[PDB]
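S.K.: The structure's right below; bear with me while I get my questions together.
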Amino acid sequence: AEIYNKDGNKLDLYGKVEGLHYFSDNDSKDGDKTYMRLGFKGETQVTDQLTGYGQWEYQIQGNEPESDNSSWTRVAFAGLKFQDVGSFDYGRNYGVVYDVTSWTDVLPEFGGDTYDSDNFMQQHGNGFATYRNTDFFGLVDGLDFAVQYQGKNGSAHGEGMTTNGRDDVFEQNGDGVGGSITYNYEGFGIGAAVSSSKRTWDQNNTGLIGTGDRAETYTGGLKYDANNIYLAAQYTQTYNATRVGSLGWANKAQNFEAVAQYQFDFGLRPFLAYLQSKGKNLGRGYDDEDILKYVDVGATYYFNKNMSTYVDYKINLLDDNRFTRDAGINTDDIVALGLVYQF
Amino acid sequence: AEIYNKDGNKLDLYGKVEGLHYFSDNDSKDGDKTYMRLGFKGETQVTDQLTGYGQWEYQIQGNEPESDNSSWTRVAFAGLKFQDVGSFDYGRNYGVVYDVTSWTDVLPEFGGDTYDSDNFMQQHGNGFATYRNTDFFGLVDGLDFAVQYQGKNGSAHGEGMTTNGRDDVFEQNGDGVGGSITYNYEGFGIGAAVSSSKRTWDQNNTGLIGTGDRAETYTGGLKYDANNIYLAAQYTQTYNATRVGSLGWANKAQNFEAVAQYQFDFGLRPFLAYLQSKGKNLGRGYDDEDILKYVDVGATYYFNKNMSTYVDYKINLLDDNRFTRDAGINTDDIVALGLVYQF
Amino acid sequence: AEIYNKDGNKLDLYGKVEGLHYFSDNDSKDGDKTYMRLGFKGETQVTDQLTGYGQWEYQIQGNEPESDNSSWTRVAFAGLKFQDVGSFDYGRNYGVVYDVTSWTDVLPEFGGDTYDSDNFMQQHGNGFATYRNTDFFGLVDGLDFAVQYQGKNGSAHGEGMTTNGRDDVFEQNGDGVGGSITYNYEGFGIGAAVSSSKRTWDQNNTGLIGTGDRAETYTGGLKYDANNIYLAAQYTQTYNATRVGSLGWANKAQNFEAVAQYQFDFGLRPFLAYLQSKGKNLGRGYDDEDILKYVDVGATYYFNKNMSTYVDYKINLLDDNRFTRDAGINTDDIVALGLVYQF
């Protein structure tokens with residue numbers, strides 16, 4: 001909610017308390033999942049044409065006791081924007097792939113999980129330099145695109161090191177470039193997006209599966225957003241990029257998400273989503289196994305734009321087996337019951 | 001301080017910097033205790049009758065250096081409220097027992113410590129579902145009550161596990177129900193409150209004292225709040241619920257706190273409190289020993305509703321002995337010097 | 001940006017997103033250095049004369065992934081202020097030495113690093129009680145001064161312990177007193193400042209170099225601030241107070257910083273700084289070596305008071321040798337590219 005607007009700078013301070021509770025046969029995915037977010041979108045007029053902006057967002061768990069209380073920055077970036085030319089923003093942001101793949105990330109809790117956080121240029125991530133251009137230089141009303149770069153983010157110990165290095169390997173990444181082209185018109189929306197990132201010495205030489213020189217992503221996506229209806233699906237194919245449990249990555253992964261939502265006038269918005277992450281010849285005695293697969297059906301009710309509540313039912317179609325145990329991939333169902341104030 | 005109020009949504013963003021310093025013979029309870037809090041109470045009108053709300057509050061220590069900086073969520077919950085029916089809010093909140101026992105938690109720093117944080121349904125805690133009803137459905141102007149449930153909050157390792165599980169044992173809890181009934185009229189206030197919680201496998205089978213199937217609490221409380229005067233005391237009896245050092249819990253504990261405060265017009269508010277936590281036949285070669293006992297006298301001065309400063313003198317009546325050493329219970333005095341801005 | 005001003009209390013909620021990236025031959029000092037700050041300055045009128053205030057400031061790194069996210073309180077203090085008498089504020093604040101030495105801390109990223117954080121009374125630090133007096137009781141328009149005390153801040157383990165104790169040794173400190181006297185007139189500014197702190201048992205008896213009973217600081221400083229020009233330099237001599245790598249402290253250190261900045265009307269503000277930290281007979285087979293030495297030249301461009309961007313070039317004049325390796329002192333160059341929104 002915009003709490004400052006004066007002399008051309010304006011500041012919107014925003015957040016939510018999500019009273020969330022998971023139900024499951026799985027004890028590790030069962031209990032209070034209450035959390036809270038807090039951020040600000042900032043903005044300043046420099047000229048007619050040029051406008052500068054900042055943006056921050058933190059997440060703080062509220063399911064944890066007075067000792068440990070895990071919490072983290074989600075996005076943090078600053079940048080400029082010139083009329084009919086483009087915009088450029090450096091910091092922790094969304095990777096360019098998300099531009100397309102996010103169109104299926106519309107469920108209230110689950111969904112949009114064929115990618116992880118800090119998973120190369122696939123979703124959230126540190127040190128994205130991002131050019132974007134809306135309406136193609138003000139000529140084609142609808143055609144937006146982006147050209148993104150991500151600096152190497154290696155380890156803390158000597159070999160393959162950066163100042164911000166992380167000792168976790170899945171969070172690591174190398175130098176990558178990615179692109180996106182989206183077009184919207186009368187609700188309908190085509191979307192292509194291609195990334196390609198270098199990999200760290202640690203990533204290949206921890207002895208994990210699905211190793212190579214480069215992690216690469218291809219992404220097609222279609223959506224329809226009109227007349228109370230949101231239909232959208234997407235194809236994302238990856239080489240050595242999709243995470244596979246703790247075992248490593250998938251040499252090749254064929255990922256597909258599809259969602260159908262209708263908004264009733266009184267407040268209810270039921271959904272019926274479906275996900276899939278088929279991992280092709282992974283090697284090391286597994287071969288063509290499914291990394292993820294579930295149907296997801298529930299409904300959000302909207303009291304208004306400040307209060308909401310929802311049920312979300314993950315129907316996990318994965319069978320229990322060695323691949324789904326060695327990797328440690330939850331094969332059980334989960335049901336989330338959310339009740340959320342925001343501002 | 002309410003920084004947003006518009007079209008029925010309103011947001012109050014609040015906090016304080018407490019410049020605090022402990023003096024003591026105990027080196028562990030001596031030094032800078034400076035800390036800071038920040039939260040928001042949120043609120044939105046949905047209808048004439050229905051109003052929805054959120055609330056958050058963090059605490060961040062300011063006595064610590066640039067490396068470690070410990071800090072945590074205190075309360076984080078969302079919920080609805082319907083006129084003359086009640087209110088329901090899920091998240092980290094106060095346990096229902098606090099409804100009564102908080103009437104003695106009126107001292108500036110010490111006091112209100114016959115309960116801990118995440119100590120079952122006794123004070124702060126994760127995953128409270130809480131029904132409340134003010135003025136008994138708008139019929140009896142004075143009679144308020146509550147019906148509270150708390151989900152199991154076990155460990156992180158396999159046996160007795162939840163998604164939010166903590167490896168600390170005192171912070172753990174099981175499924176519990178609790179109630180409260182308070183009545184106020186012309187200042188005077190009766191208050192009863194009863195909780196009863198299941199216990200974790202770890203809690204019984206870490207070999208600590210005062211173990212059982214259930215932790216249970218009984219609480220009576222009386223207060224008088226008028227004519228510059230605040231008199232209030234309370235009785236809280238517990239089975240296997242009160243913490244006793246690091247040794248475990250007290251099979252039975254008889255807890256009593258009493259406070260007397262007077263507010264002078266210029267700003268000074270002296271107090272004279274007294275606490276007691278008599279632990280009855282605890283077992284394991286201790287028997288009837290005192291878990292806590294101190295007289296507490298100081299005074300808060302109020303410059304105004306934004307600035308305040310105070311002295312707080314803990315006169316610890318506990319003697320030094322095996323029970324008060326094995327358990328590791330501070331037998332020494334403490335004096336706090338607070339100087340506090342807030343907003 | 002002041003988001004609350006009402007009935008004499010006013011609250012300014014402020015922060016920035018600094019899109020920062022280090023370039024260097026050093027891998028440890030190379031990568032995304034994106035971070036964010038958030039604080040509030042608070043203030044309340046009590047009387048004509050008396051005014052009470054609070055202040056907080058947190059820093060949260062945005063170069064790190066969803067698991068670890070390091071962040072800390074920078075300053076947190078409350079205090080009162082009476083017209084023509086003085087002001088007194090207890091909490092994590094700046095040490096009194098900074099009063100003078102901060103006049104060289106005017107560069108956009110580097111500079112002001114002959115002192116560390118929690119480095120006795122030299123810069124940031126916990127538990128400063130600070131008296132200050134502006135314009136010498138309203139008599140001499142220009143002469144400001146301060147009298148500061150810092151409580152012992154030892155370790156967490158038994159010997160030399162405080163409630164806030166830190167297991168790091170360089171962050172530790174003992175009881176210290178410090179002073180400052182500054183005088184400004186027509187831009188020109190003389191400044192003297194002297195501190196003297198007790199040391200912890202751990203500090204001497206971890207076997208590190210430059211050990212003694214007391215860490216002491218002497219500080220002279222001169223500045224000129226007018227006609228788009230900022231010229232300022234400073235001398236800081238220390239006994240057993242300046243940190244020297246991981247090896248310990250410098251028995252004696254002769255520190256000097258000098259800066260020259262010009263503000264062009266359109267927005268550019270180039271600078272040309274120079275630093276030096278000559279460590280005299282340190283002992284343990286090193287003798288007179290340089291602890292730090294670099295020339296620093298770049299330029300900040302100011303779009304306006306909300307957006308800015310800059311380049312900052314550390315030209316490290318230190319040679320690579322045993323002292324600069326055993327201590328582990330970066331001998332390499334660094335170049336910072338900042339782009340910063342704030343509010």
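Labeling convention for the structure tokens: chains A, B, ... as they appear, residues from 1 per chain, ligands from 1 in order of appearance.
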Run DSSP on the backbone and give me the residues of region 71-215 of chain A it puts in strand (DSSP E or B), as a ChimeraX atom specification.

M.R.: /A:71-82,86-94,124-133,143-150,153,155,161,173,176-185,188-198,209,214-215

S.K.: Residues near region 193-210 of chain C, anyone? I mean within 6 Å using only C-alpha atoms, not counting same-chain ones fewer than 2 positions away, as a list in words.

M.R.: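 Residues meeting the cut-off are residues 97, 169, 173, 174, 175, 176, 177, 178, 179, 180, 213, 214, 215, 216, 217, 218, 219, 240, 247, 248, 249, 250 and 251 of chain C.
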
S.K.: Could you give me, as JSON, numbers by chain, the residues within 10 Å of residue 153 (chain C), counting only C-alpha atoms and dropping anything in the same chain fewer than 3 positions from it?

M.R.: {"B": [30, 31, 32, 63, 64, 65], "C": [118, 120, 125, 126, 127, 150, 156, 160, 161, 162, 163, 164, 165, 166, 171, 172, 173, 174, 175, 199, 200]}

S.K.: For chain C, list the residues within 8 Å of chain A, counting only C-alpha atoms, and write the list as a PyMOL selection string.

M.R.: chain C and resi 1+3+16-20+27-36+60-69+303-304+306-307+339-343

S.K.: My list of candidates is B:136, B:239, B:286, B:98. Which is closest to residue 85 (chain B) when distances are computed with only C-alpha atoms?

M.R.: B:136

S.K.: Check the DSSP output for the backbone and give back, as a PyMOL selection string, the residues of region 77-145 of chain B in alpha helix (DSSP H).

M.R.: chain B and resi 98-101+135-139

S.K.: So which residues touch residue 137 (chain A) within 6 Å, counting only C-alpha atoms, skipping near sequence neighbours fewer than 2 positions away, as a list in words?

M.R.: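 So the residues in contact are residues 84, 85, 135 and 139 of chain A.
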
S.K.: Work out how far CA of residue 295 (chain B) is from CA of residue 232 (chain B), in Å to one decimal.

M.R.: 14.8 Å

S.K.: Find the spatial neighbours of residue 277 (chain C), counting only C-alpha atoms, within a cut-off of 7 Å - ignore same-chain residues fewer than 4 positions away - and output them as a ChimeraX atom specification.

M.R.: /C:114,253-256,290-293

S.K.: Name the closest residue to residue 332 (chain A) among the candidates A:313, A:224, A:14, A:235; distances are taken between atoms, counting only C-alpha atoms.

M.R.: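 Using only C-alpha atoms, residue 332 (chain A) sits closest to A:313.
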
S.K.: Contacts of region 326-330 of chain C at 7 Å or less, counting only C-alpha atoms, minus same-chain residues fewer than 6 places along, as number ranges by chain?

M.R.: C: 244-247

S.K.: Could you please determine the separation between CA of residue 192 (chain A) and CA of residue 220 (chain A) in Å, to one decimal place?

M.R.: 4.7 Å

S.K.: Name all residues at most 12 Å from residue 258 (chain A) (count only C-alpha atoms; drop same-chain ones fewer than 4 positions away) and give them as JSON, numbers by chain.

M.R.: {"A": [101, 102, 103, 104, 105, 106, 107, 111, 112, 221, 222, 223, 224, 230, 231, 232, 233, 234, 235, 236, 271, 272, 273, 274, 275, 276, 293, 294, 295, 296, 297]}

S.K.: Can I get the selected residues back with N, CA, C and O atoms, as a compact mmCIF listing (two decimals), in the first residue's frame?

M.R.:
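Generated output (result_25.txt):
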# COMPACT_ATOMS: atom_id res chain seq x y z
N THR A 101 7.48 -19.13 -18.12
CA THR A 101 7.10 -20.23 -17.21
C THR A 101 6.22 -19.82 -16.02
O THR A 101 5.54 -20.67 -15.43
N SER A 102 6.25 -18.54 -15.67
CA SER A 102 5.43 -18.01 -14.59
C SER A 102 3.93 -18.06 -14.88
O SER A 102 3.11 -17.96 -13.96
N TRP A 103 3.56 -18.18 -16.16
CA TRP A 103 2.15 -18.20 -16.56
C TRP A 103 1.40 -19.41 -16.00
O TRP A 103 0.18 -19.42 -15.98
N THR A 104 2.14 -20.43 -15.57
CA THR A 104 1.56 -21.58 -14.89
C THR A 104 1.73 -21.52 -13.37
O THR A 104 1.27 -22.41 -12.65
N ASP A 105 2.39 -20.46 -12.88
CA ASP A 105 2.66 -20.29 -11.45
C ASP A 105 1.55 -19.47 -10.82
O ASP A 105 1.80 -18.45 -10.19
N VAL A 106 0.32 -19.94 -10.98
CA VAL A 106 -0.86 -19.16 -10.63
C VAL A 106 -1.71 -19.84 -9.55
O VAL A 106 -2.81 -19.38 -9.23
N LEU A 107 -1.17 -20.90 -8.95
CA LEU A 107 -1.89 -21.64 -7.93
C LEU A 107 -1.56 -21.00 -6.58
O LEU A 107 -0.54 -20.32 -6.46
N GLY A 111 2.29 -25.78 -7.23
CA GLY A 111 2.45 -25.37 -8.62
C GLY A 111 3.72 -24.56 -8.82
O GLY A 111 4.36 -24.14 -7.85
N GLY A 112 4.09 -24.35 -10.08
CA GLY A 112 5.33 -23.66 -10.44
C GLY A 112 6.55 -24.19 -9.71
O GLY A 112 7.33 -23.41 -9.15
N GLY A 221 5.27 -21.17 -24.09
CA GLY A 221 4.15 -20.91 -23.18
C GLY A 221 3.01 -20.18 -23.85
O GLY A 221 3.22 -19.26 -24.65
N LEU A 222 1.78 -20.60 -23.53
CA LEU A 222 0.57 -20.00 -24.08
C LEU A 222 -0.40 -19.70 -22.94
O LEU A 222 -0.50 -20.48 -21.99
N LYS A 223 -1.10 -18.57 -23.02
CA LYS A 223 -2.10 -18.23 -22.02
C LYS A 223 -3.28 -17.45 -22.61
O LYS A 223 -3.13 -16.76 -23.61
N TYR A 224 -4.43 -17.58 -21.96
CA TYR A 224 -5.63 -16.81 -22.29
C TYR A 224 -6.22 -16.22 -21.01
O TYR A 224 -6.58 -16.96 -20.10
N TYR A 230 -8.85 -17.88 -16.85
CA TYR A 230 -7.41 -17.97 -17.03
C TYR A 230 -7.04 -19.39 -17.43
O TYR A 230 -7.03 -20.30 -16.60
N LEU A 231 -6.77 -19.58 -18.72
CA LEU A 231 -6.22 -20.84 -19.22
C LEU A 231 -4.79 -20.59 -19.63
O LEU A 231 -4.49 -19.62 -20.33
N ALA A 232 -3.89 -21.46 -19.18
CA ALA A 232 -2.47 -21.35 -19.52
C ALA A 232 -1.72 -22.66 -19.30
O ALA A 232 -1.93 -23.34 -18.30
N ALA A 233 -0.85 -22.99 -20.25
CA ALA A 233 0.06 -24.12 -20.11
C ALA A 233 1.43 -23.72 -20.66
O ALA A 233 1.58 -22.64 -21.23
N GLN A 234 2.42 -24.59 -20.49
CA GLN A 234 3.78 -24.28 -20.94
C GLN A 234 4.66 -25.51 -21.05
O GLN A 234 4.52 -26.46 -20.28
N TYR A 235 5.56 -25.48 -22.03
CA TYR A 235 6.55 -26.54 -22.22
C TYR A 235 7.92 -25.96 -21.88
O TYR A 235 8.29 -24.91 -22.39
N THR A 236 8.66 -26.66 -21.02
CA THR A 236 10.03 -26.29 -20.68
C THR A 236 10.94 -27.51 -20.79
O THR A 236 10.82 -28.44 -19.99
N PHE A 271 -9.67 -23.90 -9.26
CA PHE A 271 -8.63 -24.21 -10.23
C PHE A 271 -8.46 -25.71 -10.41
O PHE A 271 -8.84 -26.50 -9.55
N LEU A 272 -7.87 -26.08 -11.54
CA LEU A 272 -7.62 -27.47 -11.87
C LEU A 272 -6.32 -27.51 -12.66
O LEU A 272 -6.32 -27.33 -13.88
N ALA A 273 -5.22 -27.70 -11.96
CA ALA A 273 -3.90 -27.67 -12.58
C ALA A 273 -3.34 -29.08 -12.76
O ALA A 273 -3.82 -30.04 -12.15
N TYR A 274 -2.30 -29.18 -13.59
CA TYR A 274 -1.61 -30.44 -13.81
C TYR A 274 -0.14 -30.16 -14.13
O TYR A 274 0.18 -29.28 -14.93
N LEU A 275 0.74 -30.93 -13.50
CA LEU A 275 2.18 -30.78 -13.69
C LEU A 275 2.84 -32.11 -14.09
O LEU A 275 2.28 -33.18 -13.88
N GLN A 276 4.05 -32.00 -14.64
CA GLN A 276 4.79 -33.14 -15.14
C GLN A 276 6.25 -32.73 -15.34
O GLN A 276 6.52 -31.64 -15.86
N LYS A 293 5.15 -35.23 -10.87
CA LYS A 293 3.88 -35.43 -11.55
C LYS A 293 2.76 -35.36 -10.52
O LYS A 293 2.72 -36.17 -9.59
N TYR A 294 1.89 -34.36 -10.65
CA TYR A 294 0.69 -34.29 -9.82
C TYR A 294 -0.42 -33.45 -10.44
O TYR A 294 -0.17 -32.48 -11.16
N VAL A 295 -1.66 -33.86 -10.16
CA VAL A 295 -2.84 -33.06 -10.45
C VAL A 295 -3.13 -32.25 -9.20
O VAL A 295 -2.95 -32.74 -8.08
N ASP A 296 -3.57 -31.00 -9.39
CA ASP A 296 -3.77 -30.06 -8.29
C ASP A 296 -5.11 -29.33 -8.42
O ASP A 296 -5.32 -28.59 -9.39
N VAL A 297 -6.02 -29.54 -7.47
CA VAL A 297 -7.35 -28.93 -7.52
C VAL A 297 -7.77 -28.37 -6.16
O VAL A 297 -7.69 -29.07 -5.15
